[PDB]
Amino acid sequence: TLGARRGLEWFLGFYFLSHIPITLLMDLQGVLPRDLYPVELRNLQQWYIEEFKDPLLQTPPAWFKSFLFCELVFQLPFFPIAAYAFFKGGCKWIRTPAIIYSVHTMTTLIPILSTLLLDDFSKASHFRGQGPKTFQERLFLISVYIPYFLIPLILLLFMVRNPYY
């Protein structure tokens, strides 16, 4: 495996590269002041909220805000370092850091995916109206979060086993 191994490294590199605009421009809007973001980016996030009926990014809970702070202080600095190593290739120094990132991101998203799939968004619940009401809406919203669990899982199994790391 030398062509499929490098192709996975290119895929991981773009995942950590494209995560920098996504985290900065769309995700950190839930913790950073709204005055740091232009009006266009703020209205773009409201489009997503009403299109996908996301209950977490609008009125973010304290447990979700803790993960967004973890994304700013820990995950965001690692994205540029991770993209370089996987683009370059052969960087054995990224194995243990990538295992730390993979388990961390997977752990944050288990409660996130379990909330969207099972938690109740009825009028009695604290969400009070917002959120997915049908099952097709729950899959529609889960599909936005599920990449950030599968790709870190691929990275985890790729780091623990591959003798090149």
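Between two forms, the rigid core is defined as the largest C-alpha subset superposing within 1.5 Å. Numbers for residues come from their place in the sequence shown, where the first is 1.
Of the two stretches examined, 115-123 and 29-37, the one with higher mean CA deviation in 4 other deposited structures of this protein after a rigid core fit is 115-123. With each structure aligned by its rigid core, the stretch whose Cα atoms sit farther from this model in 4 other deposited structures of this protein, between 156-164 and 2-10, is 2-10.
Judged by mean Cα B factor in the deposited record, 5-13 ranks above the other of 149-157 and 5-13.
When the C-alpha B-factors of 107-115 and 32-40 are averaged, 32-40 comes out higher. Of all the options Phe140, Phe64, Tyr101, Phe121, the entry's greatest CA B-factor is assigned to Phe121. Annotation for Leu68: C-alpha temperature factor in the lowest third relative to the rest of the modelled chain, per the entry.
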